[PDB]
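Engineer: pasting the first bit of my complex, frame unchanged:
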Amino acid sequence: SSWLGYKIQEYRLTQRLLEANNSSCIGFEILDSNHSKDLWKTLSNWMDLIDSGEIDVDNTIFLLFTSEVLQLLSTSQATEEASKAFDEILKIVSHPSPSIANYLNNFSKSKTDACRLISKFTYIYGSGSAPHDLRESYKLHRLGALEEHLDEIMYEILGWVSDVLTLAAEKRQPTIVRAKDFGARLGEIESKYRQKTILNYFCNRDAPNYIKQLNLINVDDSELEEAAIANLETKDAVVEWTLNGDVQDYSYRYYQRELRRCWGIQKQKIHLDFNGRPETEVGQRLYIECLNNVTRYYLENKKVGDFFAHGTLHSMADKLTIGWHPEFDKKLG
């Protein structure tokens, strides 16, 4: 599906964060024997969390990755089964080592807190179908599906999940990740990879030369969308004007030559002045000082819109006639 460098560690965490609604999936706590130290090390780490009130609002989810006790913690959803599991863990064997006793004696502090810890617990393992499970869960669980390109979206959200997993694992806190922050990050990834790779691909057309000459300046996507809608609106205005015969069909030659004059004037004005800036920066300055100019200019000796000047500048740059980057003819065409 995605780039499969991420293991099941990130896959099951992202899948369980996908099927949630503002409920923080706390403490992945990777474990790799009924009397093992790391088990009660992990359940002892969640003591101060539920003992405090800044993290648990009685909506958190606790779970484990990779024994009779594990089934006792996993297979109990209600309070009475949690009580029965608590009495079974409290009477299974005598206290073998102090390294587990120091966690067990405080684990037996409160019956109700332990019962709510069991009621939110669900130990899971996962398998090799975890990328397929994440793919199917995102396909049939996400409202407003983005099925045309979901591999790279899952790649970015798995990169975010792996980054927060490493940031939680390197330091001394458990894996506290909320579904709200996960939903915000997945929404940002979805919006970034819908507004650009498909939407902006429809309304600019295989990377035409005007959008590439914009890309040489590497300006933000708001100017990219403004340029695309200006070019489309200018082409549609030409279509409307020559359908109804408003302007004669050679005044675009007198409009485009004058624009060559203004582009040469602004190029001498802004390229000779600095001569010590980066090429992209002086190209950005030339582009903005061209756009705030060439707006009072007349097509067929009458007033024309701002959108027409911007779109004819972009269509003029599309045929490699004018440019924004100082080195643009060697880069393309």
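Structural biologist: Yep, it's here. Numbering: from 1, shown residues only, chains lettered A, B, ... in the order given.

Engineer: can you tell me the helix or strand for residue A:224?
Structural biologist: Here residue A:224 sits within helix A:221-243, counting by DSSP states H and E.

Engineer: Buried residues, that helix. List them.
Structural biologist: A:224-225, A:227-228, A:230-231, A:234, A:237-238, A:241 (16 or more other C-beta atoms under 10 Å). The C-beta positions use only the backbone N, C-alpha and C, and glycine is treated the same way.

Engineer: ok, now stretch A:152-163?
Structural biologist: Within stretch A:152-163, the residues that count as buried by 16+ other C-beta under 10 Å are A:153-162.

Engineer: cool, and stretch A:248-258?
Structural biologist: By 16+ other C-beta under 10 Å, the buried positions in stretch A:248-258 come out as A:252, A:255-256.

Engineer: Contacts for that stretch, please.
Structural biologist: Residues outside stretch A:248-258 that contact it (C-beta atoms under 8 Å, 6 or more residues apart in numbering) are A:238, A:242, A:297, A:299-300, A:312, A:316.

Engineer: end-to-end on stretch A:242-261?
Structural biologist: 25 Å (C-alpha to C-alpha, to the nearest Å).

Engineer: Now find how far off-centre that stretch is within its chain.
Structural biologist: 44 Å (C-alpha atoms, centre = their mean, to the nearest Å).

Engineer: Stretch A:188-197 too?
Structural biologist: Per C-alpha atoms, centre = their mean, the centroid offset for stretch A:188-197 relative to its chain is 8 Å.

Engineer: can you list the residues that contact that stretch?
Structural biologist: Residues from elsewhere that reach stretch A:188-197, judged by C-beta under 8 Å, 6+ apart: A:146, A:149, A:152-153, A:156-157, A:160, A:221, A:225.

Engineer: same deal with stretch A:205-220?
Structural biologist: A:204, A:223-224, A:227-228, A:231, A:280, A:283-284, A:287, A:314-315, A:317-320, A:323-325, A:328, A:331-333.

Engineer: throw chain B onto that model:
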Amino acid sequence: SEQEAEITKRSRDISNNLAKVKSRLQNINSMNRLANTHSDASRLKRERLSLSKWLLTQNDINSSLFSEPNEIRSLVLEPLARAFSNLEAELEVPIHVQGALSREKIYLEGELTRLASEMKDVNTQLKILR
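Structural biologist: Adding chain B to what we have so far:
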């Protein structure tokens, strides 16, 4: 105070992000209108260009008045027929493009509500510390 410094820093961040979100919503409404506007303009262009294949066939089957081989057909007419053939396929907005436009519109409405709530509670904390 440094608390006022970080509060003003995050307020500037949220203000610039809301400015970008409003600009993106204005753009996405512009493309939402421009999809059907460019579809209508392309339909009118296709209607004006639909005689080109017929004139291509009557160039193929008839005898011209020009004795010397001229490339007027090769440089004029099949450009128009090729434009007709391209505009036949590039007329209608695709369903996934319109769906992505609508999903981006409702998502930008969602971030408008979210960042407006963020605006509301940050200006409350400004007006309670000052």
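
Engineer: Take the buried residues of helix A:221-243 again, chain B included.
Structural biologist: A:221, A:224-239, A:241 (16 or more other C-beta atoms under 10 Å in any protein chain shown).

Engineer: do stretch B:98-109 as well
Structural biologist: Quick answer for stretch B:98-109 (16+ other C-beta under 10 Å): B:99-101, B:103-105, B:107-108.

Engineer: Touching, residue B:11 and residue B:126? I think so.
Structural biologist: Yes: with contact defined as C-beta atoms under 8 Å, residue B:11 counts as touching residue B:126 (7.3 Å).

Engineer: List, one by one, the residues from chain B near chain A.
Structural biologist: By the rule C-beta under 8 Å from any C-beta of the partner chain, the part of chain B lying against chain A is B:20, B:23-24, B:27-28, B:30-31, B:34-35, B:37-38, B:41, B:44-45, B:48, B:93-94, B:96-97, B:99-101, B:103-104, B:106-108, B:110-111.

Engineer: count of neighbours near residue 129?
Structural biologist: Here I'm looking at chain A. Here the number of neighbours of residue A:129 (other C-beta atoms under 10 Å in any protein chain shown) works out to 12.

Engineer: Not quite, go with chain B.
Structural biologist: Applying other C-beta under 10 Å, I find that residue B:129 has 10 neighbouring residues.

Engineer: tell me the phi and psi of it?
Structural biologist: phi -100, psi -20 (degrees, to the nearest 10).

Engineer: quick revisit: now check the helix holding residue A:224, is it near chain B?
Structural biologist: Yes: applying C-beta under 8 Å from any C-beta, one finds that helix A:221-243 is in contact with chain B at A:222, A:225-226, A:228-229, A:232-233, A:235-236, A:239-240, A:243.

Engineer: quick one: which of the residues you listed is nearest residue A:98?
Structural biologist: Of all the residues of helix A:221-243 next to chain B, residue A:222 has the smallest distance to residue A:98: 62.2 Å, by C-beta to C-beta.

Engineer: Give me the nearest residue to residue A:247, chain neighbours excluded.
Structural biologist: residue A:300 (4.3 Å; C-beta to C-beta, 6 or more residues apart in numbering or on different chains).

Engineer: okay, now chain C:
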Amino acid sequence: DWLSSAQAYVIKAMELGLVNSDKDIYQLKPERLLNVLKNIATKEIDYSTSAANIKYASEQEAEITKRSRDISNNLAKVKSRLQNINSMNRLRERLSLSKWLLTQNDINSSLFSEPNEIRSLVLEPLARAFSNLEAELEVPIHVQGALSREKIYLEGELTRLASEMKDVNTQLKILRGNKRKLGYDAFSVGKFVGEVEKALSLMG
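Structural biologist: This next block brings in chain C, placed alongside the chains you saw above:
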């Protein structure tokens, strides 16, 4: 005239102000629209920016900008026929297509670059038949029609649509302002009131 400046400041006073104004601004009465700016200019509190107000202005600005190009497509047609009015009072002249076809004989073609094909078949037969009309109806037949009423009406068409540009483009300038700087912090609202009180300094 005035209400363009009033309505543009009211719409941006819901982006950066304390008024919600659930009544529709397009159908709002002018006398209601002046009390909204007095509330912003007198007291500046409860900076409640909401998405229901911001999303209304994006459709309001896009409807105003759509109305801007429809006036310009109508302002162009008034200005295009005004030049044909002004060409009438200075007069008509002979078009002389037969002499005009000879200018294409002495000019480059670049498509049918061989000059022995088009001149021997098309442009000289078109010139000789056009030269017959320069010797048949060469008498100056009078041209009438009394186009003085078109000068009066298109003066009224020009003084209405250009008056709309001095109103509509005022609404674009207030609503856009700086697309680099549409700030939503406390400093942007504080400098917004100074622009509002300048426009209301001239009520009489």
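
Engineer: The buried residues of helix A:221-243 again please, this time with chain C.
Structural biologist: A:221, A:223-241.

Engineer: just these that are near chain C?
Structural biologist: Of these, the ones that also sit near chain C (C-beta under 8 Å from any C-beta) are A:237, A:240-241.

Engineer: do you know how far residue A:70 is from residue C:75?
Structural biologist: 79 Å (C-beta to C-beta, to the nearest Å).

Engineer: Chain C contacts on the stretch 101-250 of chain A?
Structural biologist: Residues of the stretch 101-250 of chain A lying near chain C (C-beta under 8 Å from any C-beta): A:237, A:240-241, A:246-247.

Engineer: Sorry, slip of the keys, the one I care about is chain B.
Structural biologist: Residues of chain B lying near chain C (C-beta under 8 Å from any C-beta): B:8, B:11-12, B:14-16, B:18-19, B:22-23, B:25-26, B:29-30, B:33, B:65-68, B:70-72, B:75, B:109, B:112-113, B:115-116, B:119-120, B:123, B:126-127.

Engineer: Kindly recompute the last result at 7 Å.
Structural biologist: Counting by C-beta under 7 Å from any C-beta of the partner chain, chain B comes close to chain C at B:11-12, B:15, B:18-19, B:22-23, B:25-26, B:29-30, B:65-68, B:70, B:72, B:75, B:109, B:112-113, B:116, B:119-120, B:123, B:126.

Engineer: Next up, the contacts around residue A:151.
Structural biologist: A:1-2 (C-beta atoms under 7 Å, 6 or more residues apart in numbering or on different chains).

Engineer: At the geometric centre of chain B, which residue sits there?
Structural biologist: residue B:31 (3.7 Å; C-alpha atoms, centre = their mean).

Engineer: where along the stretch 151-300 of chain A do the strands fall?
Structural biologist: A:176-177 (DSSP state E, counting those that start in this stretch).

Engineer: Kindly report the residues of it close to chain B.
Structural biologist: So far as C-beta under 7 Å from any C-beta goes, the stretch 151-300 of chain A lies against chain B at A:187, A:191, A:194-195, A:198-199, A:202-203, A:222, A:225-226, A:229, A:232-233, A:236, A:239, A:243.

Engineer: If anything else comes up later, I'll come back, but that's it for now.
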